[PDB]
Amino acid sequence: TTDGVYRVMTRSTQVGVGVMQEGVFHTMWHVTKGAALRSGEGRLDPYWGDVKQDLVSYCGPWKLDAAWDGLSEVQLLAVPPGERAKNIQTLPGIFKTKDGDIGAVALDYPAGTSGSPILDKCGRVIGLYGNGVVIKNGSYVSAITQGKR
Amino acid sequence: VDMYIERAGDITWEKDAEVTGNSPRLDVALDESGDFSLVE
Ligand SMILES: N=C(N)N[C@@H]1CCCCNC(=O)[C@H](CCCCN)NC(=O)[C@H](Cc2ccc(O)c(N)c2)NC(=O)Cc2cccc(c2)CNC(=O)CNC1=O
């Protein structure tokens with residue numbers, strides 16, 4: 001369970017990505033649907049999740065608490081299926097909802113990139129990529145989805 | 001149905017990264033199943 005970004009695989013097909021931080025694995029709910037994960041020879045069990053937020057954590061409570069500052073550029077640490085991890089910098093747009101604004105990134109990657117972390121300039125994870133909308137021209141915009149620690 | 005994880009990298013900001021994408025401002029709704037839709 002060493003800190004870092006991980007591919008989530010099924011046996012192989014990459015179904016998503018997640019973040020190991022402080023001994024807790026963080027991904028989007030739709031990647032695993034809460035199923036147990038193998039890590040080397042050990043089993044990771046779900047601890048917390050929320051379908052509406054589309055998030056799940058393993059081995060402990062959600063640890064990622066950094067927030068987009070509403071102003072600065074961010075980086076998607078994209079881990080696409082079959083491709084090495086790479087950083088893409090972007091200035092977020094905004095999802096305007098009845099319950100407030102959410103930062104959003106207009107970056108379009110394969111479904112198995114779900115769970116890739118979005119970073120601020122200090123390298124902190126301000127959310128996970130992969131719950132979003134399809135706009136009129138067919139391209140994709142992802143919320144910056146963050147949980148509550 | 002073996003679901004497993006494998007490390008893919010370190011989490012860091014990369015200096016002088018490629019910058020791309022626009023900054024759309026969209027009216028959206030979030031339903032109880034966690035699905036976002038456009039408000040049209
Ligand atoms: N369509 C694209 N250009 N790019 C997407 C990028 C996927 C990035 C990772 N996220 C996901 O897989 C989630 C999973 C489900 C999470 C649900 N709570 N996904 C999504 O959020 C959206 C949700 C959605 C769906 C329809 C909508 O009218 C709106 N507002 C929102 N789901 C999709 O687009 C499905 C889709 C729709 C049309 C065409 C394709 C896929 C073919 N594209 C690909 O197979 C790879 N690219 C793609 O699949």
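Numbering of ligands and ligand atoms starts at 1, following listing order. Below, chains carry the letters A, B, ... as their sequence lines are ordered, and counting in each starts from 1.
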Which atoms of ligand 1 are found less than 4.0 Å from any heavy atom of A:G130? 9 (C), 10 (N), 11 (C), 13 (C), 21 (O)
Selection from A:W29, A:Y140, A:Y109 by shortest heavy-atom distance to atom 47 (N) of ligand 1: A:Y109
Non-neighbouring partners of A:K52 that pass salt bridge (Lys or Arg N to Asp or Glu O under 4.0 Å), sequence neighbours left out: B:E32
Do the side-chain N and O atoms of A:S12 and B:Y4 include a donor-acceptor pair separated by under 3.5 angstrom? yes
Evaluate A:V8 against A:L37 for side-chain contact (heavy atoms from CB on, under 4.5 Å), listing each step before the verdict. CA-CA 8 Å; A:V8 181; A:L37 302 172; 4.2 Å; yes
Atom indices of ligand 1, in the order listed, that fall short of 4.0 Å to a heavy atom of B:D35: 17 (C), 18 (N)
Atom indices of ligand 1 within 4.0 angstrom of A:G138 heavy atoms, with elements: 3 (N)
Using only heavy-atom distances, determine whether the side chains of A:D99 and A:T97 contain a donor-acceptor pair under 3.5 Å. no
Does the N or O separation between A:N131 and ligand 1 drop below 3.5 Å for any pair? yes
With heavy atoms of A:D108 as the reference, note each atom of ligand 1 found under 4.0 Å away. 2 (C), 3 (N), 4 (N), 5 (C), 6 (C)
Does even one non-hydrogen atom of A:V134 get within less than 4.0 Å of ligand 1? yes
Could you tell me, atom by atom, which parts of ligand 1 come under 4.0 Å of a heavy atom of A:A111? 9 (C), 12 (O)
Has ligand 1 got any nitrogen or oxygen that is less than 3.5 angstrom from a nitrogen or oxygen of A:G132? yes
Does either side chain, that of A:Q146 or that of A:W68, offer a donor lying less than 3.5 Å from an acceptor on the other one? no
Quiz question: by atom type and distance under 3.5 Å, do the side chains of A:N87 and A:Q75 form a donor-acceptor pair? yes
Salt bridge B:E6-A:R38, side-chain N to carboxylate O under 4.0 Å: no
Measuring from non-hydrogen atoms of A:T113 to any atom of ligand 1, is the shortest distance under 4.0 Å? no
Quick note on ligand 1: atoms under 4.0 Å from a heavy atom of A:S114 include exactly 9 (C), 10 (N), 11 (C), 12 (O)
What's the verdict on side-chain contact (heavy atoms from CB on, under 4.5 Å) for A:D120 and A:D69, showing C-alpha distance, side-chain angles and the deciding distance? CA-CA 9 Å; A:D120 68 21; A:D69 66 6; over 6 Å; no
Examine B:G34 against ligand 1 and note whether any of their N/O atoms are separated by less than 3.5 Å. yes
